[PDB]
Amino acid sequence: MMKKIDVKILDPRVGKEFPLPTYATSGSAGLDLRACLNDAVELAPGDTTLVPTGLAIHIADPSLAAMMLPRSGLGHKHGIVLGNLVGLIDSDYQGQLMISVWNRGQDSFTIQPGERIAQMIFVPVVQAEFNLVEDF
């Protein structure tokens, strides 16, 4: 199911030195996000670094949100995951998309400029209207 989402490019490397995000296939659930870096960042075991994407989105529809997830292989094989574990992007967030990258393993890992380092999915969300009860 498709939804138009505004995207703003913040760094001129985007598109020029690595591509914009695209779905691998029409059956893909997520979009891979790439590290927008002047220089490679070497992450020792246990450390966290904030990696820019050079991108901002504005979802705008309050019935939609995005969730940022680790990449499967990076996480399983290399211990490279997200420092906030899963990163929620609200419909009114219009700042740069930033990736909290955490090395949860025992091996150092260097993030190269342009490397795919997380994925993003778009999911419908609901806002609860709470009904206060004193017994269910």
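By rigid core we mean the largest C-alpha set that fits within 1.5 Å across both forms. Note that residue numbering begins at 1 and tracks the sequence as displayed.
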*Which of these two stretches, 16-24 or 118-126, has the larger RMS Cα offset in 6 other deposited structures of this protein when the rigid core is kept aligned?*
16-24
*Higher mean Cα B-factor in the deposited model: 125-133 or 1-9?*
1-9
*If you average the CA temperature factors over each stretch, which comes out higher, 76-84 or 102-110?*
102-110
_By the CA temperature factor listed in this entry, which of these ranks top: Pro70, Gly46, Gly30, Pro52?_
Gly30
_Cα B factor band for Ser91 (lowest, middle or highest third within the chain)_ = middle
*Please place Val14 in the lowest, middle or highest third of its chain by C-alpha B factor as given in the entry.*
middle
*Hey, what third does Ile57 fall into on Cα B-factor, ranked over its chain?*
middle
*Ordered by C-alpha B-factor within the chain, which third holds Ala65? Give me lowest, middle or highest, please.*
lowest
*Hey, what third does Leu97 fall into on Cα B-factor, ranked over its chain?*
lowest
